[PDB]
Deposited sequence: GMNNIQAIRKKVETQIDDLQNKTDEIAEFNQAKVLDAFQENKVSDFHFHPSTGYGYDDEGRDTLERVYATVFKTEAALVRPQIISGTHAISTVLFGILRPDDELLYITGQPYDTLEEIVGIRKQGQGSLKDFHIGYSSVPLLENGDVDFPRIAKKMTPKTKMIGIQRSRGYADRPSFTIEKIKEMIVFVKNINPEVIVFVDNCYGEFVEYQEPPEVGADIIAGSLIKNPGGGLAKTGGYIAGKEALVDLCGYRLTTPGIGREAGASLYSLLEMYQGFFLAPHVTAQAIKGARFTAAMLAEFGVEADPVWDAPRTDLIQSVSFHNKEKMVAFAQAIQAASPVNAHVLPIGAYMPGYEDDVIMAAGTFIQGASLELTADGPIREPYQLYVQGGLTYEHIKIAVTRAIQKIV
């Protein structure tokens, strides 16, 4: 009903305005990154073959490095997903006898395969004699500092930090919480490399992990940083020598990041990055609206409408009952709205994905998969319409 919406929208308005203040601040950050890097229409021209001397590619990378406050970045179609970006960081820096310690609990399913927990013999970190372990989180979702200290050894080269919750039933970690865990691990071993899986958190806060001490980060271009325009990809941002090592893994030793034809992907990647702060804000404002609206009809939601926000994720715990709502999201989507989803094989996961989008699997666009994790939306308007209609079914 309209009445409820006037009530709910009035209620969340001061928090929507704060989100718009962050949006403006992050629009300026990015706008100034383009200015500092002298972005020109010349930087959108395609490169072919080996891709040597592609200034457009190099300049996009420098723009990302400036926004994320890192010395360098790798932003390319050659990186095919968020997972491939993350995996490029792990094999790029880790060597036989090194250990990787995930301090934020067990990471999202697909990493289980990359590290070697599942799918042994396929070229995982274990297959190359690189160790891995994770530190379970406490009952309330905080990290376990004394156990973290106990599991760091002289062979611990890297500390992994997953910012966003994914499907975990724990809260996503805010920048401040990440800073706290970074100060802790660096106190114990100042030479340990801190890596943050940053997916879904780009532009949600004023800061990103490198400025609070992360050495290297990675993420997906079909989420926040793509602005809904990047057709594929991932990014890596961090210290120069670490990005160089990622590049030798992405291509080959000797060559590295100097090669890789950009083809026709530059314009959209630049434009998308420029739009990212604003589109991320739409997703966050829609998340708050969704959280608030679902709460009105009794549905459990997490984070609640007035909770701190660090990423795009919004869960809505029905705990079948949800079927009419996830399918309802697809039905309020622009693409394949008539193709009602169901449970099926999702490559890299052992276990109803609403994905009526312009780009296959992109999730900065309105999506719903599950307690349905209902995130994204390129416009605040689309999210309000879709959620209002989905609720009006359930």
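In this entry, the deposited residues absent from the coordinate set span 1 to 4, 324 to 325, 358 to 359, 379 to 384, 409.
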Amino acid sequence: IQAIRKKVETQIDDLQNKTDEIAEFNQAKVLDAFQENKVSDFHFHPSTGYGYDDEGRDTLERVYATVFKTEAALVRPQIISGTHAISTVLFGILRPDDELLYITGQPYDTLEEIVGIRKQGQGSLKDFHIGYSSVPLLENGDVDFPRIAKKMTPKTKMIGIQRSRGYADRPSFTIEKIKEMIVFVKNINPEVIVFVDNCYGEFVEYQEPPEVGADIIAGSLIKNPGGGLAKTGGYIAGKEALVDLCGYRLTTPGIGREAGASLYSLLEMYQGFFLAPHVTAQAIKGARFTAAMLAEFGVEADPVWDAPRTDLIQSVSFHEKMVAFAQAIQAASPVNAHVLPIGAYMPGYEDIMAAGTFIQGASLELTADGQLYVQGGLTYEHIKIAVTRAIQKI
From here on, numbers count along this sequence of modelled residues.
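Averaged over their C-alpha atoms, the temperature factors of 254 to 262 and 172 to 180 are higher for 254 to 262. With 26 to 34 and 321 to 329 compared on mean CA B-factor from the PDB entry, the stretch scoring higher is 321 to 329. Out of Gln162, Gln282, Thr88, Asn187, the entry records its largest CA B-factor for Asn187.
Among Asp311, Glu113, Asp98, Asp197, the highest C-alpha B-factor recorded in the PDB entry belongs to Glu113. In the PDB entry, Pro334 places in the lowest third of its chain by CA B-factor. Ranked by C-alpha B-factor against the other modelled residues of its chain, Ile93 falls in the middle third. Placement of the Cα temperature factor of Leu372 within the chain: highest third of the modelled residues, per the deposited record. In the deposited entry, the Cα temperature factor of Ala355 places it in the middle third of its chain's modelled residues. Looking at the C-alpha B-factors along this chain, the one for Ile342 belongs to the highest third.
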